[PDB]
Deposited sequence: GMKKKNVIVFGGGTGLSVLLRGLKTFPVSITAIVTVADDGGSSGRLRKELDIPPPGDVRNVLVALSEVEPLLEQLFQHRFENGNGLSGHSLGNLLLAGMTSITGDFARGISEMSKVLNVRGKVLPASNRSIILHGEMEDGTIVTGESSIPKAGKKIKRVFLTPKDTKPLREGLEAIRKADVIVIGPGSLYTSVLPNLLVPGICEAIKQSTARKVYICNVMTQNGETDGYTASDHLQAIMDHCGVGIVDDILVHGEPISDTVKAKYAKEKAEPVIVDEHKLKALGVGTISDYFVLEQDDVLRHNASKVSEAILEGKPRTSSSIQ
């Protein structure tokens, strides 16, 4: 009865999850493509020790899109505090187990989707682990998603190995059929770019005639985007990905409580200055509004979803 606009979203952990939780209530068909380059935490140990892609960002996305009883949702988010076992998320372990059974991370994700009554298609950026590397300004290379920000040098660029990393066929079809393509929100260097740099994905995005919106970071991240303005974020996407990837940039152009600023300053994070002249000079549209809530600083999934569709 309703024509649902097809929307594809690229991201990682918490930014994607917050947005999807709201976007799923709109009249849209969602495809979420989730980075498999992380190597920290429970996800990272399971990645190394079981030889599977890191399941953590996928797990959160699945929970965000799930429609199950509150108890099952808690079960899936349960984190062991004792045991070898200590630190692991039960939902990661479920994903791990399903991936072992099927020998296929993408089939595992789709089986968990059925179990969690997920409305939408969740896909990994690749069916195998990706390793993220950072080239610093001095030319040195730091390897591993969670190691890059601890280098205390400035990132010049990031890139992925294995070089013959492949996206899922379904992923490329999703981009082809997309009415809207949303990039972010998430870490620039550790979530957005590791998705966009999968071979074939930029090419597919460029050929698409969908509207392409980049949801800009609201805060800098220490060791990743120290001192970045909004245009610095967009510039980095363009330098890695070329033209035809971003049409409009969505930015929080209003102020932030002093208490929140203070709390983020303790982690050497500060607000991303919105520099409108420089953004217009990069040739994209600017969607500026009150787009964040304090919940910690998160995007307002409803306002953002509605801005990306109106």
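Comparing the deposited sequence against the modelled residues, what ranges come up empty for C-alpha?
Those parts of the chain that were deposited but carry no coordinates are 84, 297 to 298, 314 to 323.
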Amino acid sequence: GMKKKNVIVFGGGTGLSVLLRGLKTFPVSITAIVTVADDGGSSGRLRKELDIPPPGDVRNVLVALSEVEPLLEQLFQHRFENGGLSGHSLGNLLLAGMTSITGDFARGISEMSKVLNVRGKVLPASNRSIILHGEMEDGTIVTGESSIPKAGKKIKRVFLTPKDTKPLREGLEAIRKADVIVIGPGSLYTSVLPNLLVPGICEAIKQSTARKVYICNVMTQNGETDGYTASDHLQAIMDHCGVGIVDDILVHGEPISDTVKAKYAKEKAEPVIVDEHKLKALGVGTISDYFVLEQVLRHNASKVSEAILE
From here on, numbers count along this sequence of modelled residues.
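Looking at the entry, does 28 to 36 or 252 to 260 show the higher mean C-alpha B-factor?
Comparing 28 to 36 with 252 to 260, the higher mean C-alpha B-factor belongs to 252 to 260.
Between 236, 132, 85, 95, which carries the biggest CA temperature factor in the record?
Each of 236, 132, 85, 95 was compared by C-alpha B-factor; the highest is 85.
Out of 208, 195, 187, 77, which residue has the highest Cα temperature factor in the PDB record?
Most elevated C-alpha B-factor of the set, per the entry: 208.
Is the Cα B-factor recorded for residue 301 in the lowest, middle or highest third of its chain?
Middle third of the chain for residue 301's C-alpha B-factor.
Quick check for you: using the entry's CA B-factors within this chain, is residue 240 in the lowest, middle or highest third?
For residue 240, the deposited C-alpha B-factor lands in the lowest third.
State the tercile, meaning the lowest, middle or highest third, of residue 125 with respect to the CA B-factors recorded for its chain.
Lowest third of the chain for residue 125's C-alpha B-factor.
Per the entry's values, where does residue 285 land by CA temperature factor relative to the rest of its chain, in the lowest, middle or highest third?
Answer is highest: the recorded C-alpha B-factor places it there.
Of the three thirds of its chain by CA temperature factor, lowest, middle or highest, which one includes residue 110?
Highest third of the chain for residue 110's C-alpha B-factor.
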